[PDB]
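Below: one structure, written as structure tokens.
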Amino acid sequence: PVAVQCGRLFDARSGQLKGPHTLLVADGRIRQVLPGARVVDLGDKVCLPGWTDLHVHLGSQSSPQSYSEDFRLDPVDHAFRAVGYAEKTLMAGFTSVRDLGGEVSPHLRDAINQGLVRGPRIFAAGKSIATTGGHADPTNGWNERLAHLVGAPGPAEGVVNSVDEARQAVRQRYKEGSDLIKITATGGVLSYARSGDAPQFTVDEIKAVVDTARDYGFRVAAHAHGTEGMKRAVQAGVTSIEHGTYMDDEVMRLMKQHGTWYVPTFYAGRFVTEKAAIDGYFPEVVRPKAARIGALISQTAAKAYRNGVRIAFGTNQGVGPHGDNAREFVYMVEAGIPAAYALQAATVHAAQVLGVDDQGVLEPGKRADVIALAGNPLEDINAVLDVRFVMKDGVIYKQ
Amino acid sequence: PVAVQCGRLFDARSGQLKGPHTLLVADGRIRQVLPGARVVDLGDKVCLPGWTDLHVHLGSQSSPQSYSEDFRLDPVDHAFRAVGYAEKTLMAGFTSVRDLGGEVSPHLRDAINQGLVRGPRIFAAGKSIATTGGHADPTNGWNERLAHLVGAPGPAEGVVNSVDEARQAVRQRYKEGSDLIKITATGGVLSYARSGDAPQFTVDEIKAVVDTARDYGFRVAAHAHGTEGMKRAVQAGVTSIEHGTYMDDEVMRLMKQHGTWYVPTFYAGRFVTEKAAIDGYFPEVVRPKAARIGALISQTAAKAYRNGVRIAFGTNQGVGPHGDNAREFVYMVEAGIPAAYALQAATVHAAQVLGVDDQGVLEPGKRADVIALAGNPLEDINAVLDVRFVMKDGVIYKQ
Amino acid sequence: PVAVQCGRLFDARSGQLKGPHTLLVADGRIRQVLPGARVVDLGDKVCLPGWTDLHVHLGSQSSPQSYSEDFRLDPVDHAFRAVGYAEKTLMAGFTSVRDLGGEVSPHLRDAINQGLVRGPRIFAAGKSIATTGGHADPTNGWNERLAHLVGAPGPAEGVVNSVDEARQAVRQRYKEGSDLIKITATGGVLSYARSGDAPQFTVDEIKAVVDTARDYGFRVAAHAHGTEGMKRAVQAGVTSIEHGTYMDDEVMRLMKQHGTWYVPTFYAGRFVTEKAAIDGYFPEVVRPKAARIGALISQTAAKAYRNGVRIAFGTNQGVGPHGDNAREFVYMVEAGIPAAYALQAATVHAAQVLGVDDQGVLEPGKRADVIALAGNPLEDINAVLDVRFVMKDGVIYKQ
Amino acid sequence: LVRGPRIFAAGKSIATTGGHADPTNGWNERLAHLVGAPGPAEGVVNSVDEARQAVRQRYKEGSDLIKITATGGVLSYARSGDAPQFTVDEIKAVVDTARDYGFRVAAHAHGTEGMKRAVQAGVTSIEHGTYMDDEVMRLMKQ
Ligand SMILES: C[C@@H]1Cc2c(Cl)cc(C(=O)N[C@@H](Cc3ccccc3)C(=O)O)c(O)c2C(=O)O1
Ligand SMILES: C[C@@H]1Cc2c(Cl)cc(C(=O)N[C@@H](Cc3ccccc3)C(=O)O)c(O)c2C(=O)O1
Ligand SMILES: C[C@@H]1Cc2c(Cl)cc(C(=O)N[C@@H](Cc3ccccc3)C(=O)O)c(O)c2C(=O)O1
Ligand SMILES: C[C@@H]1Cc2c(Cl)cc(C(=O)N[C@@H](Cc3ccccc3)C(=O)O)c(O)c2C(=O)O1
Ligand SMILES: [Zn+2]
Ligand SMILES: [Zn+2]
Ligand SMILES: [Zn+2]
Ligand SMILES: [Zn+2]
Ligand SMILES: [Zn+2]
Ligand SMILES: [Zn+2]
């Protein structure tokens with residue numbers, strides 16, 4: 001057991017900063033919250049619940065050589081890099097993440113759960129599900145020789161073109177040990193393809209995916225830049241929409257009526273626009289899309305917040321450098337979202353998005369994921385960049 | 001010809017113990033039953049019809065090395081073990097069995113019918129039919145290298161994901177010489193998978209399987225632990241439900257309305273719970289499921305019997321050691337089922353489940369499958385563990 | 001322990017019938033022989049060591065449908081037939097055999113050694129080694145479609161065409177669990193090919209096979225009908241020559257100088273010639289060879305015995321019906337070989353051919369393989385057809 | 001990226017068919033049929049040219065030295081543990097090819113005959129050496 005003494009306590013359920021409190025931690029869970037057994041003295045720090053990043057890619061990090069290192073590097077090298085990526089993420093203050101694509105992440109989650117390596121609690125989607133020529137198609141851009149040798153991808157590889165193939169793909173992801181399902185409803189900006197906002201799924205295919213995923217207890221996250229694919233995904237019944245660059249009034253109304261969550265990923269847009277002044281960074285097929293679609297997310301997210309769409313915290317890390325996830329708070333506040341709502345989007349709304357109930361608040365019976373900051377973010381949001389204390393499941397990783 | 005003199009005769013059609021009788025056997029069939037030509041003197045023994053076990057796996061027997069001996073052993077070694085397994089089963093008093101999975105069993109049935117080896121009369125299902133990642137998926141748990149080399153299984157291997165694939169799978173089982181069809185409606189407890197009670201078939205797929213099987217004269221047996229898969233299988237029209245650990249009131253009502261048979265398999269649950277005090281026996285993926293789902297069958301079976309669900313005899317042997325099938329009678333009686341009903345569930349109800357009419361009773365025109373016991377099971381059910389006489393199709397195998 | 005009381009004892013080391021003796025058996029070995037503890041009374045029987053058949057095929061038995069049942073039957077059916085074949089062989093009086101081809105036999109040997117099934121002690125060669133189009137080529141006679149699908153066989157299948165391929169084939173047989181090596185030096189009479197006495201191995205290939213086999217402790221047996229292939233195999237240094245239909249003076253001189261053993265297989269020749277009066281029994285490609293080469297073995301074997309070539313006992317059973325191996329004694333005696341030498345060729349000489357030292361004689365420290373006959377074979381060789389007692393490794397199988 | 005010692009890696013071991021380092025030892029015939037018979041790219045050699053190709057394949061994959069299994073082992077799924085599994089010519093070919101690329105050869109050997117063959121062919125070190133006798137000791141000293 002251990003008694004943690006917070007100087008100030010942030011109530012995520014309400015959104016207010018309370019006074020001094022003492023946390024009682026035993027068996028990895030919070031047992032008591034008394035206002036005013038080892039002692040951890042944090043009377044000088046603001047004492048917060050652990051953050052959750054709902055959009056990360058722990059198996060990669062963008063670089064000038066990213067597109068070339070897909071035919072030379074093996075998954076073991078990616079696994080060796082993911083160790084440092086995960087340690088940096090956990091030390092930045094994020095005790096839980098949702099991985100939205102990649103085959104190394106389930107193995108990293110299993111290794112972290114066994115105590116082999118240090119990192120956050122990972123909810124992994126595994127392989128993304130796409131159509132032929134879609135944003136997540138694994139053989140996009142290959143020359144005809146390589147495509148001929150490797151064959152046309154199918155449901156086992158995540159590429160579907162009918163209802164039965166979608167059902168088989170969801171079952172294949174369940175077989176491989178996934179926690180949720182990720183689909184690419186439209187085209188993207190970083191893939192080796194032409195379109196970036198065209199509808200790539202039919203409504204029937206998305207409905208089949210959602211219906212199959214509901215049987216296995218999964219939730220579905222949909223990547224969407226264009227309006228028609230976003231509308232189709234929202235009407236089919238997905239749980240969250242990522243990016244959503246070209247959201248309009250009708251999509252906003254449908255999302256409000258359906259209770260869909262929106263994850264904007266400010267950081268990815270800002271990073272890809274800043275990496276445009278640099279002359280050689282992107283292939284000639286990707287650079288126009290990256291110049292066009294980026295940095296239009298900020299206005300869309302501000303409009304969505306003003307219109308009443310529920311917003312949750314996500315960064316799309318793996319485009320940006322791991323361990324720098326907290327600058328998304330500063331980006332969110334700069335766009336007009338209040339600091340308290342920005343902090344709630346990472347604790348209580350993130351738990352709602354994940355579909356769990358044992359995390360997000362410092363209440364009895366919940367997991368003991370506690371962090372502390374030197375300053376107060378409610379007045380200066382830059383205080384999120386200095387984390388002094390990190391605890392996860394009752395184990396202290398940074399003191 | 002031969003005249004068998006039973007001291008006491010058990011009437012399976014009614015469930016009562018009659019007085020002395022003389023059986024007249026010729027050409028493998030019973031011709032005459034007279035109350036009060038070679039002579040077989042069994043005046044000291046209770047004279048019964050041969051038993052039928054509706055759930056066996058003659059091609060395997062569980063052991064501490066069971067999971068490893070799937071990449072080292074060939075089917076010929078399994079065939080060499082099945083000879084002793086079948087002889088033990090026949091000597092235990094069971095003249096007929098229903099094999100519910102395995103590729104060696106049809107060959108063993110053909111060999112026994114030709115007189116090459118000794119054993120009971122086998123009704124074989126062959127390969128089980130499942131979905132991707134299902135309980136009967138042959139490549140569950142393999143590393144990605146082996147899965148890549150062997151390819152994704154399809155209907156010829158028994159893995160289906162649509163209506164047409166299910167039709168093709170039923171036709172493939174018919175082509176390979178099967179007598180019935182077996183599907184896994186939910187997950188299991190002994191497979192290398194995560195879920196154990198999730199719905200793995202849609203209603204349309206099960207209906208397609210049942211409709212195709214009806215054309216070829218087949219019956220469908222469904223493995224089911226969870227409630228939703230059990231409900232789907234019952235509504236689609238299967239003939240019997242195996243295990244049924246999480247049966248509730250609605251499933252019971254549907255089964256009573258549809259006339260579905262229930263096979264609980266007490267022995268498998270008792271054996272898997274007893275093999276839990278032993279420290280190392282099961283893989284870490286299987287042991288929680290085996291600790292959770294086992295020994296909950298006894299209360300479910302007792303409740304089903306009290307509610308009026310038709311119950312038939314089955315053991316799931318191959319988990320337990322072959323030749324010990326008769327302890328299921330003692331388990332059945334311990335749970336509250338009367339001894340006479342327990343004996344009827346193996347003779348006349350088993351014949352109804354199989355869909356035959358020439359066995360189960362000692363009536364003229366029926367097969368001459370007669371056994372004898374030293375004691376009386378109606379007062380002491382432990383008398384089923386001492387079989388003195390075994391006859392099958394007019395041939396005496398134990399005297 | 002057990003004390004066996006033989007009425008008359010045959011001394012294999014000398015070849016004489018001694019007087020009454022008492023055998024002392026414990027731990028599966030003979031411990032004491034005393035002229036003149038349970039008691040086995042065999043005072044009325046001649047007490048002999050167990051016989052060894054150096055040429056059997058326990059995985060097959062020739063029939064009118066033999067050539068068709070290579071595309072319809074699976075190895076499991078052959079395994080189910082081999083159980084009865086092995087029991088018949090053991091009951092005929094043969095406690096040890098050398099299997100000279102077939103993939104089921106190593107598995108049968110493993111099953112017998114574990115006590116699963118009853119049979120003799122098997123020394124198995126596994127897959128035969130041949131060249132392209134050779135007598136043991138597994139795809140001889142297939143239409144071009146099947147040959148195209150299955151591909152051209154290589155060293156892993158037993159087909160070699162160079163020194164390195166022969167080395168790899170010997171290593172592959174060692175990997176699969178073989179006890180010796182079998183090659184086909186010439187063509188055959190029962191295969192689906194044209195030639196029956198042409199040289200199919202070069203001297204270098206046979207020398208490579210012998211040199212590789214010597215490293216792993218193996219002995220080499222060579223199938224040979226024609227003179228040139230027989231000469232090449234003898235000069236390369238094989239241990240035994242089978243059939244040897246067209247042996248001449250030079251081959252006899254080379255065999256005498258090299259110490260090569262000769263196994264004639266009277267029974268196979270007599271069978272394939274008796275099955276010639278029957279109109280339809282053999283394919284039109286095989287029947288001329290079977291009519292020509294058969295029954296010429298008797299004169300060749302008689303000439304070889306007169307010339308001083310060492311002769312050992314073998315039948316080529318699997319062409320003839322299993323369990324009838326002892327008629328080879330009558331065939332041997334009919335050709336002029338003395339009865340005592342015929343009995344020695346199956347006991348003390350067979351052990352020399354196998355390369356073992358713990359069997360063949362009833363001496364202390366040897367295995368307890370004892371059989372008994374009603375009559376005396378030294379005066380009437382027909383007494384070998386009535387075996388009354390069978391013991392193997394101290395276990396009585398027939399009394 | 002991670003902490004550890006300085007590693008000199010041999011990569012895939014080089015063996016013969018059924019050898020101690022054979023990657024498909026003990027597999028049932030179905031798995032062996034699907035995966036195919038291993039060759040030089042997998043590290044299984046049966047001639048001089050195959051040994052040369054195997055050494056070149058290890059060089060291509062980024063190895064620092066070469067490891068061969070001269071005899072059988074004790075922890076593999078095989079029968080023999082001290083039988084000679086390489087011929088002298090094959091080991092000489094391996095050593096000669098490895099000398100061109102600056103590699104050294106380490107030989108696994110329990111039995112006496114395989115140990116003698118590896119020592120005479122010119123390997124750098126002998127591992128285990130359970131059944132070493134006087135003649136092998138003299139050859140090693142020389
Ligand atoms: C392994 C991981 C897989 C992956 C997947 Cl499945 C999707 C994305 C992705 O949605 N990228 C975005 C990047 C982006 C850029 C700007 C604004 C929003 C998003 C895109 O190209 O549209 C993505 O960026 C990545 C990625 O970084 O690599
Ligand atoms: C070859 C044969 C195939 C087979 C199949 Cl298809 C199904 C089962 C099976 O239903 N096992 C059950 C074992 C079990 C355990 C407890 C209570 C009920 C059943 C399960 O794991 O859910 C099963 O046990 C077996 C088996 O034993 O191996
Ligand atoms: C499975 C087993 C494999 C086998 C092999 Cl590998 C070889 C022979 C064989 O040598 N048969 C002889 C039969 C024979 C007939 C007459 C005189 C001598 C031999 C032949 O055809 O020349 C042979 O007969 C058999 C056989 O019977 O089937
Ligand atoms: C991945 C790695 C590969 C490997 C290889 Cl290539 C060889 C050995 C090895 O030589 N093992 C020895 C173990 C041993 C045991 C006792 C005395 C000497 C050696 C053997 O089985 O003969 C060996 O042990 C291992 C091993 O441990 O796994
Ligand atoms: Zn995206
Ligand atoms: Zn993404
Ligand atoms: Zn089951
Ligand atoms: Zn079962
Ligand atoms: Zn032959
Ligand atoms: Zn033969």
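Order determines the names: the first chain of the structure tokens is A, the second B, and so forth; residues in each chain are numbered 1 upward, and ligands are numbered 1 upward as they are shown.
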Open item on the list: Neighbouring residues of ligand 5 are defined here as those with any atom at most 10 Å from a ligand atom, counting only C-alpha atoms and all ligand atoms; list them as a list in words.
Closed with: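 Every residue with an atom at most 10 Å from ligand 5 is listed here: residues 55, 100, 101, 135, 136, 182, 183, 184, 185, 186, 187, 188, 189, 190, 221, 222, 223, 224, 225, 241, 242, 243, 244, 264, 265, 268 and 316 of chain A.
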Output C-alpha atoms of each residue in that selection to a file, as an mmCIF file, in the first residue's frame.
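Final output, saved to part.cif:
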```cif
data_model
loop_
_atom_site.group_PDB
_atom_site.id
_atom_site.type_symbol
_atom_site.label_atom_id
_atom_site.label_comp_id
_atom_site.auth_asym_id
_atom_site.auth_seq_id
_atom_site.Cartn_x
_atom_site.Cartn_y
_atom_site.Cartn_z
ATOM 1 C CA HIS A 55 -4.780 7.792 -31.896
ATOM 2 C CA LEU A 100 -4.938 2.355 -34.714
ATOM 3 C CA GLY A 101 -2.820 0.266 -37.083
ATOM 4 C CA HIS A 135 -5.769 4.088 -48.042
ATOM 5 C CA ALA A 136 -4.685 1.033 -46.023
ATOM 6 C CA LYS A 182 -10.121 0.198 -37.783
ATOM 7 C CA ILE A 183 -11.327 0.981 -41.310
ATOM 8 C CA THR A 184 -10.307 3.625 -43.867
ATOM 9 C CA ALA A 185 -13.571 5.042 -45.208
ATOM 10 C CA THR A 186 -11.924 7.506 -47.617
ATOM 11 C CA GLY A 187 -8.504 8.059 -49.139
ATOM 12 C CA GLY A 188 -5.616 9.535 -47.235
ATOM 13 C CA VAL A 189 -2.840 12.098 -47.526
ATOM 14 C CA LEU A 190 0.278 10.041 -46.672
ATOM 15 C CA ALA A 221 -12.995 3.630 -35.713
ATOM 16 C CA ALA A 222 -13.183 5.157 -39.203
ATOM 17 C CA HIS A 223 -10.530 7.354 -40.901
ATOM 18 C CA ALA A 224 -12.313 9.942 -43.086
ATOM 19 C CA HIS A 225 -11.252 13.176 -44.859
ATOM 20 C CA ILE A 241 -14.461 9.465 -36.718
ATOM 21 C CA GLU A 242 -10.794 10.405 -37.129
ATOM 22 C CA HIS A 243 -9.534 13.620 -38.784
ATOM 23 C CA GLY A 244 -12.820 14.616 -40.437
ATOM 24 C CA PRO A 264 -9.426 15.753 -34.822
ATOM 25 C CA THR A 265 -5.641 15.124 -34.438
ATOM 26 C CA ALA A 268 -0.631 15.584 -37.414
ATOM 27 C CA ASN A 316 -1.928 10.560 -34.646
#
```
TODO: List the neighbours of segment 123-139 of chain D out to 9 Å using only C-alpha atoms; skip same-chain residues closer than 2 positions along the sequence, and give me the result as a list in words.
DONE: residues 82, 91, 92, 95, 104, 105, 106, 107, 108, 109, 110, 111, 112, 113, 115, 116, 118, 119, 120, 121, 141 and 142 of chain D
Dump N, CA and C atoms for the selected residues as a PDB file, in the first residue's frame?
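After the write, part_39.pdb holds the following:
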```
ATOM      1  N   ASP D  82      26.242 -38.369 -31.503  1.00  0.00           N
ATOM      2  CA  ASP D  82      27.682 -38.385 -31.736  1.00  0.00           C
ATOM      3  C   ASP D  82      28.017 -39.047 -33.069  1.00  0.00           C
ATOM      4  N   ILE D  91      33.473 -29.677 -44.975  1.00  0.00           N
ATOM      5  CA  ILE D  91      34.025 -28.753 -43.988  1.00  0.00           C
ATOM      6  C   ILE D  91      35.162 -27.938 -44.592  1.00  0.00           C
ATOM      7  N   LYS D  92      35.986 -28.562 -45.435  1.00  0.00           N
ATOM      8  CA  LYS D  92      37.059 -27.824 -46.091  1.00  0.00           C
ATOM      9  C   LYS D  92      36.503 -26.753 -47.018  1.00  0.00           C
ATOM     10  N   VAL D  95      35.327 -23.882 -44.784  1.00  0.00           N
ATOM     11  CA  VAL D  95      36.453 -23.115 -44.252  1.00  0.00           C
ATOM     12  C   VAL D  95      37.084 -22.259 -45.345  1.00  0.00           C
ATOM     13  N   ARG D 104      35.660 -16.638 -39.347  1.00  0.00           N
ATOM     14  CA  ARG D 104      36.158 -17.783 -38.606  1.00  0.00           C
ATOM     15  C   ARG D 104      35.023 -18.776 -38.410  1.00  0.00           C
ATOM     16  N   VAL D 105      35.385 -20.044 -38.234  1.00  0.00           N
ATOM     17  CA  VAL D 105      34.420 -21.136 -38.173  1.00  0.00           C
ATOM     18  C   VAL D 105      34.482 -21.776 -36.792  1.00  0.00           C
ATOM     19  N   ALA D 106      33.321 -21.927 -36.165  1.00  0.00           N
ATOM     20  CA  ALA D 106      33.171 -22.645 -34.908  1.00  0.00           C
ATOM     21  C   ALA D 106      32.357 -23.908 -35.145  1.00  0.00           C
ATOM     22  N   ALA D 107      32.829 -25.031 -34.608  1.00  0.00           N
ATOM     23  CA  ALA D 107      32.230 -26.329 -34.877  1.00  0.00           C
ATOM     24  C   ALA D 107      31.663 -26.951 -33.608  1.00  0.00           C
ATOM     25  N   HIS D 108      30.372 -27.264 -33.649  1.00  0.00           N
ATOM     26  CA  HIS D 108      29.718 -28.080 -32.633  1.00  0.00           C
ATOM     27  C   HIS D 108      30.093 -29.541 -32.856  1.00  0.00           C
ATOM     28  N   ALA D 109      30.587 -30.203 -31.812  1.00  0.00           N
ATOM     29  CA  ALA D 109      31.045 -31.583 -31.960  1.00  0.00           C
ATOM     30  C   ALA D 109      31.028 -32.276 -30.608  1.00  0.00           C
ATOM     31  N   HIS D 110      30.293 -33.383 -30.515  1.00  0.00           N
ATOM     32  CA  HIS D 110      30.335 -34.264 -29.353  1.00  0.00           C
ATOM     33  C   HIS D 110      31.146 -35.528 -29.617  1.00  0.00           C
ATOM     34  N   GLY D 111      30.889 -36.209 -30.738  1.00  0.00           N
ATOM     35  CA  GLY D 111      31.585 -37.442 -31.040  1.00  0.00           C
ATOM     36  C   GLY D 111      33.000 -37.225 -31.545  1.00  0.00           C
ATOM     37  N   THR D 112      33.768 -38.316 -31.543  1.00  0.00           N
ATOM     38  CA  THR D 112      35.194 -38.244 -31.844  1.00  0.00           C
ATOM     39  C   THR D 112      35.471 -38.083 -33.335  1.00  0.00           C
ATOM     40  N   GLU D 113      34.716 -38.773 -34.193  1.00  0.00           N
ATOM     41  CA  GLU D 113      35.020 -38.752 -35.621  1.00  0.00           C
ATOM     42  C   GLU D 113      34.687 -37.401 -36.245  1.00  0.00           C
ATOM     43  N   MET D 115      34.550 -34.557 -34.587  1.00  0.00           N
ATOM     44  CA  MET D 115      35.534 -33.641 -34.024  1.00  0.00           C
ATOM     45  C   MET D 115      36.857 -33.732 -34.772  1.00  0.00           C
ATOM     46  N   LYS D 116      37.299 -34.954 -35.078  1.00  0.00           N
ATOM     47  CA  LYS D 116      38.534 -35.141 -35.828  1.00  0.00           C
ATOM     48  C   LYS D 116      38.436 -34.534 -37.222  1.00  0.00           C
ATOM     49  N   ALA D 118      36.460 -32.062 -38.238  1.00  0.00           N
ATOM     50  CA  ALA D 118      36.437 -30.607 -38.130  1.00  0.00           C
ATOM     51  C   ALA D 118      37.817 -30.050 -37.801  1.00  0.00           C
ATOM     52  N   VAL D 119      38.556 -30.715 -36.910  1.00  0.00           N
ATOM     53  CA  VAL D 119      39.893 -30.244 -36.566  1.00  0.00           C
ATOM     54  C   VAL D 119      40.820 -30.332 -37.771  1.00  0.00           C
ATOM     55  N   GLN D 120      40.757 -31.438 -38.518  1.00  0.00           N
ATOM     56  CA  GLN D 120      41.637 -31.597 -39.672  1.00  0.00           C
ATOM     57  C   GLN D 120      41.277 -30.639 -40.800  1.00  0.00           C
ATOM     58  N   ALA D 121      39.999 -30.278 -40.936  1.00  0.00           N
ATOM     59  CA  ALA D 121      39.614 -29.342 -41.985  1.00  0.00           C
ATOM     60  C   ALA D 121      40.065 -27.915 -41.694  1.00  0.00           C
ATOM     61  N   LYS D 141      46.446 -29.756 -30.546  1.00  0.00           N
ATOM     62  CA  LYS D 141      47.684 -29.099 -30.136  1.00  0.00           C
ATOM     63  C   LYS D 141      48.550 -28.756 -31.340  1.00  0.00           C
ATOM     64  N   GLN D 142      48.599 -29.649 -32.330  1.00  0.00           N
ATOM     65  CA  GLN D 142      49.401 -29.384 -33.519  1.00  0.00           C
ATOM     66  C   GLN D 142      48.798 -28.281 -34.382  1.00  0.00           C
TER      67      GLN D 142
END
```
Open item on the list: Give me the residues near residue 24 of chain D as a PyMOL selection string, where near means some atom within 12 Å (using only C-alpha atoms) and where sequence neighbours in that chain fewer than 2 positions away do not count.
Closed with: (chain B and resi 71-72) or (chain C and resi 172+175-176) or (chain D and resi 15-22+26-39+42-44+76-78)
TODO: Do a neighbour search on residue 341 of chain C at 12 Å with only C-alpha atoms, toss out local chain neighbours closer than 6 positions, and write the hits as a PyMOL selection string.
DONE: chain C and resi 11-16+305+310-313+329+332-333+347-350+377-378+381
Preceding selection exported with N, CA and C atoms as a tab-separated table (two decimals), in the first residue's frame:
```tsv
chain	number	residue	atom	x	y	z
C	11	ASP	N	20.39	-76.75	-31.61
C	11	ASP	CA	21.55	-75.88	-31.45
C	11	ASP	C	21.84	-75.20	-32.79
C	12	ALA	N	21.49	-73.92	-32.90
C	12	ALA	CA	21.69	-73.20	-34.15
C	12	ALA	C	23.16	-72.99	-34.46
C	13	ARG	N	23.99	-72.79	-33.44
C	13	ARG	CA	25.41	-72.53	-33.66
C	13	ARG	C	26.10	-73.71	-34.33
C	14	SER	N	25.69	-74.93	-34.02
C	14	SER	CA	26.25	-76.13	-34.63
C	14	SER	C	25.36	-76.76	-35.68
C	15	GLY	N	24.06	-76.85	-35.43
C	15	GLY	CA	23.14	-77.42	-36.39
C	15	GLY	C	22.69	-78.82	-36.04
C	16	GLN	N	22.70	-79.15	-34.75
C	16	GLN	CA	22.36	-80.48	-34.28
C	16	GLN	C	21.22	-80.41	-33.28
C	305	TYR	N	24.12	-72.31	-53.91
C	305	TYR	CA	24.43	-73.12	-52.74
C	305	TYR	C	25.52	-74.14	-53.05
C	310	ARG	N	27.04	-67.74	-49.54
C	310	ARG	CA	26.29	-67.71	-48.29
C	310	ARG	C	24.85	-67.28	-48.54
C	311	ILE	N	23.91	-68.05	-47.99
C	311	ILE	CA	22.49	-67.88	-48.25
C	311	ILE	C	21.75	-67.65	-46.94
C	312	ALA	N	20.83	-66.70	-46.94
C	312	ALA	CA	20.02	-66.37	-45.78
C	312	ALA	C	18.54	-66.42	-46.15
C	313	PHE	N	17.68	-66.41	-45.13
C	313	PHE	CA	16.26	-66.67	-45.30
C	313	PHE	C	15.49	-65.39	-45.61
C	329	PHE	N	10.73	-72.74	-46.26
C	329	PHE	CA	11.56	-73.85	-45.81
C	329	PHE	C	11.37	-75.07	-46.71
C	332	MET	N	12.99	-74.43	-50.01
C	332	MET	CA	14.44	-74.53	-49.90
C	332	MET	C	14.90	-75.98	-49.89
C	333	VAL	N	14.22	-76.82	-49.11
C	333	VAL	CA	14.61	-78.22	-49.01
C	333	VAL	C	14.37	-78.94	-50.34
C	347	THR	N	18.18	-68.25	-38.42
C	347	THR	CA	18.53	-67.97	-37.00
C	347	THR	C	19.93	-67.35	-36.91
C	348	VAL	N	20.98	-68.15	-36.95
C	348	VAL	CA	22.37	-67.64	-36.73
C	348	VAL	C	22.84	-66.77	-37.92
C	349	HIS	N	22.47	-67.13	-39.16
C	349	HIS	CA	22.88	-66.34	-40.36
C	349	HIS	C	22.09	-65.03	-40.45
C	350	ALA	N	20.78	-65.05	-40.23
C	350	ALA	CA	19.93	-63.86	-40.24
C	350	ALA	C	20.44	-62.81	-39.26
C	377	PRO	N	11.43	-81.19	-37.82
C	377	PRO	CA	11.66	-80.76	-39.20
C	377	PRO	C	12.86	-81.41	-39.86
C	378	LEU	N	13.79	-81.97	-39.08
C	378	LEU	CA	14.99	-82.56	-39.66
C	378	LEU	C	14.66	-83.79	-40.50
C	381	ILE	N	10.26	-81.79	-43.18
C	381	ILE	CA	10.29	-80.34	-43.16
C	381	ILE	C	8.90	-79.72	-43.09
```
Open item on the list: Report as an NGL selection string all protein, DNA and RNA residues lying within 10 Å of segment 197-205 of chain B, evaluated on only C-alpha atoms, omitting residues in the same chain fewer than 6 positions from it.
Closed with: (:A and (171 or 212 or 215-217)) or (:B and (130-135 or 160-167 or 183-189 or 211 or 224-237 or 245-246 or 289 or 293))
TODO: Write down as number ranges by chain the residues belonging to segment 31-102 of chain D that are assigned alpha helix (DSSP H) by DSSP computed on the backbone.
DONE: D: 31-35, 48-60, 88-100
